[PDB]
4 protein chains.
Amino acid sequence: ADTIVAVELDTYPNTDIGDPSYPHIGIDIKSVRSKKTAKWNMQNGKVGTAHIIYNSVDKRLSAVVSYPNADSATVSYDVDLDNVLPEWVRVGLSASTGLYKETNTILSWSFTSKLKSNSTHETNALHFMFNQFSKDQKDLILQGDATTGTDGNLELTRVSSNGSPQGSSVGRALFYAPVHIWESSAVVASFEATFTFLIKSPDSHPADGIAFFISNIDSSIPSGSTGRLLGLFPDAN
Amino acid sequence: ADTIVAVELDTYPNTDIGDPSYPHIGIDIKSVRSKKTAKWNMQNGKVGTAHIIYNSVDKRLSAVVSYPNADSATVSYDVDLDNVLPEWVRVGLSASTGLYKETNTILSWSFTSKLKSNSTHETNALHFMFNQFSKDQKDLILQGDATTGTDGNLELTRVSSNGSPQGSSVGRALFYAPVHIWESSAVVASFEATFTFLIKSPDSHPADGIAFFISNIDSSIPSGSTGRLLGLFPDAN
Amino acid sequence: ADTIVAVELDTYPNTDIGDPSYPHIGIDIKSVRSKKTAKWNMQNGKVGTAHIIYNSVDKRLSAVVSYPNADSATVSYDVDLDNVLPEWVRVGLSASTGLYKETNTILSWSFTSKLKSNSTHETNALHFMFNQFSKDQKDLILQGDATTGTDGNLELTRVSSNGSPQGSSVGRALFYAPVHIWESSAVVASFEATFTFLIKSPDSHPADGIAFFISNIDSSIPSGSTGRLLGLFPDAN
Amino acid sequence: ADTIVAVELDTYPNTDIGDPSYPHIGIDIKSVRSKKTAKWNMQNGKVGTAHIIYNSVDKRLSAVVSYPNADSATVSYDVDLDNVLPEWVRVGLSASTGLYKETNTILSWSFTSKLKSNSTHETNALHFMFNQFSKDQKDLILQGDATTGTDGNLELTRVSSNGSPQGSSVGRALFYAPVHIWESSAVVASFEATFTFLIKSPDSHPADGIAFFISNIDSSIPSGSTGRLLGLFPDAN
Ligand SMILES: [Ca+2]
Ligand SMILES: [Ca+2]
Ligand SMILES: [Ca+2]
Ligand SMILES: [Ca+2]
Ligand SMILES: [Mn+2]
Ligand SMILES: [Mn+2]
Ligand SMILES: [Mn+2]
Ligand SMILES: [Mn+2]
């Protein structure tokens, strides 16, 4: 049903569904089994930053994840998103926990989309930036366990009062307005997304991860997508 | 019911509801009877540009309207919008015709809103720019007779096949996402809107005008607001 | 010689040249004796943020200074900068120490200038943002004791190896490119500047302050402007 | 001496130095003999738009050129600019005429550069946009025959009073401030340039072309680079 293109920051190695044996960042085109992955030296309790970029001329989705004072992890995949997504999509962040858990806190999120047409100066653009989230963020569609305002952050999965992450949680937050990613007279379409996150677990094996995703506008959390499916896919195919 | 703050480009002098005897630009705070107006040397058939700016430190809503090769018209009004509007609003463009008519074509529209909080670097922003409108613009809520895609323009009021404007028409287009204009820890909130329009009438007395407005998110066209009420107000009080 | 318009964050009350008896923020139009001031509850050792805005329609220069978890200080002054500055100016940050001292560290600085002409879509813009400063920042003109790269920050006045601020220091940093602030067919000109700073003194009476300023392009530090003159004015008239 | 990376809009086929037999767009890395070209259906007397993009993660320089109501031409080349250019560069536009000629008019030019560091939220950016050029554009370095203000346009090569293009002309315009394109803790560096141009010749064989280029900051026009060398290269090697 949903068409999902996602960049996952997967904290738990589910080697049985194709994950590598370490935290990794991957590019998922309609399947949790990433088309490409790169080792990610995930840092528990540290604030990281993910940058995702794409443009219709190169047709390459690339992502860079970094932590202050550390070397970055980057992954890229050649894919023509016009062939995968609808021309109107919603963008969001998703995260889950399963038997293992972690906080999936988002501290800021910005996104810029641009469609440059062939008429001179005909640029259509959408840009949003959230460096703080209020309890009543009317421009975000929160699905599942996702909540805003707790310390001005967006908590994608359930965290109990004493800051503790809860297992079997799944939450997503999508920007309210549809995003136009293809248009017939557009000569170049591009987007850039950036978000900082804080993944913290009391456990030595945090799970499951955070994913920036683009989907059909009506996307909703698939039943049973807690844990390894990142609140994005119905199954592991 | 609706709370409306609007900058009107009024093409027809309804001297009986307080308009001056000439085309004028005015600032309307909850009433069609503008709190302030300025003479506008409206140019039939020429593309104009309106710029509207406001920031919560100065609490002054200002608008400048110009035509290429001509002198601008500007109007400003001191008003604290925190005291008039809700903290979440929708922004839009509205226009109408009555017994007299004109095309109320919008060729481009950009808007930028910013809320700078007191935490270091905590900026929340929303920016959209439309330099072309497609027939299925999913990020715009079109109300009344407003349509998009005709020559990539947004036609706020009805235009028949042979380019002719129709009387008694009213249409509005609002950006889909709510806009956050006040937040408790914001030290400065500001917005800037710009739109180019083309008002053309076969008649010597075009009517009724175009208005950039900000309203409660659920605003809808008031019954009977064609003509002098600009699709914004229920009556002329 | 130099034409200076500056927003000062004055940490030391020189009541003899008109300062009030407390830290204050003020708007200086060609004189160190501010045209308007507001009490500033300056916080030693804390990172603050200053926002400065202005547009040619309202002709009001306004500034807001804040510290996380604290109430802001704001000051505004009605002034038509077209009547004070040249149409091409350089923008910068200046700071000084005298007998009393403090570190005048700048951690980030962004500036946006826009000139919207009367031709449809004719916007001229300049935007720079520095969230990190490198030792060889070729796009900044550093004058006096100002240095960059120390912890990626810009140190406007001299700081010795052990982090200690030195007295009788004065330094300014200007963006390399001239900024066009007036143009004959411009219907609205506006600018916005933001910078975060960290003023820290071992002493109970820090001095002298930091100032965001706009000047003729060839401005240089006036002789003897350490201390109370903020590296901006030749004398206290 | 100069390090030049340029995207050329070559109007004249100098098949002897490797041009194809038609107008073409090409990517030049330190040589006029393009590393990659694409046929360009150049339209004499029509305003076109060129878009150039690049980011350090993909290391692909791509350009798209279009005319209203026509299909675009696009060319891309895989190149790591960190390995070719200095970390501080100047960006510009260059053009020339030789025995054959054409007007090389620039109507608008925007450029955005971004360097995202590994510290959370550490973005350094530079953005300029010129939609009009004044006779005294102090933020542009004009070299050779380039002049500004004629109809608010930038004329890269000599045009006589009666609008006629002159042969053997060469002119370049560079943005005044150095641009920082690489920095040691940057996880992603990217730029985007856009410019609209109007190439008009009374002749059936216009020459020579327009080029968007990036170079060492001190670049100057090489002697003898009129005609086929586009005011960029000293020779045709
Ligand atoms: Ca996994
Ligand atoms: Ca009226
Ligand atoms: Ca003082
Ligand atoms: Ca050639
Ligand atoms: Mn995985
Ligand atoms: Mn009126
Ligand atoms: Mn003072
Ligand atoms: Mn060539």
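First the proteins, then the strands, lettered A, B, ... as listed; each starts at 1.
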J.: Can you see which heavy atom on C/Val47 is nearest to which on C/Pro68, and at what distance?
T.: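 Looking at all heavy atoms of both residues, the closest pair is O-CD, 3.3 Å.
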
J.: Check whether any side-chain heavy atom of C/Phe213 lies under 4.5 Å from a side-chain heavy atom of C/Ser215, and answer yes or no.
T.: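 Result yes, sub-4.5 Å side-chain heavy-atom pair found.
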
J.: Please look at B/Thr120 and chain C and tell me whether the side chain, the backbone, both or neither of the residue comes under 4.5 angstrom of a heavy atom of that chain.
T.: both

J.: Is it the backbone or the side chain of B/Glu122 that comes under 4.5 Å from a heavy atom of chain C, or both, or neither?
T.: neither

J.: Looking at B/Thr148 and B/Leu154, would you say the former's side chain and the latter's main chain have a donor-acceptor pair under 3.5 Å?
T.: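 No, because the side chain of B/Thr148 does not come within donor-acceptor range (under 3.5 Å) of the backbone of B/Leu154.
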
J.: Can you tell me which portion of B/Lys46 sits under 4.5 Å from chain C's heavy atoms? Options are side chain, backbone, both or neither.
T.: neither

J.: Sort C/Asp71 into side chain, backbone, both or neither according to what part of it lies under 4.5 angstrom from a heavy atom of chain B.
T.: neither

J.: Test side-chain hydrogen bond (donor to acceptor under 3.5 Å, both in side chains) on C/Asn153 and C/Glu155 and set out the steps.
T.: CA-CA 6 Å; C/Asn153 299 319; C/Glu155 291 285 14; 5.1 Å; no

J.: Going through the checks in order, is the ring-ring contact (aromatic ring centres under 6.0 Å, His included) test met by B/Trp88 and B/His180?
T.: CA-CA 5 Å; B/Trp88 283 99; B/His180 201 186; 3.9 Å; yes

J.: Let me know if C/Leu107 has heavy atoms under 4.5 Å from chain B in its side chain, its backbone, both or neither.
T.: neither

J.: Side chain from CB out, backbone as N, CA, C, O: work out which of these in C/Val187 comes under 4.5 Å of a heavy atom of chain B, or both, or neither.
T.: both

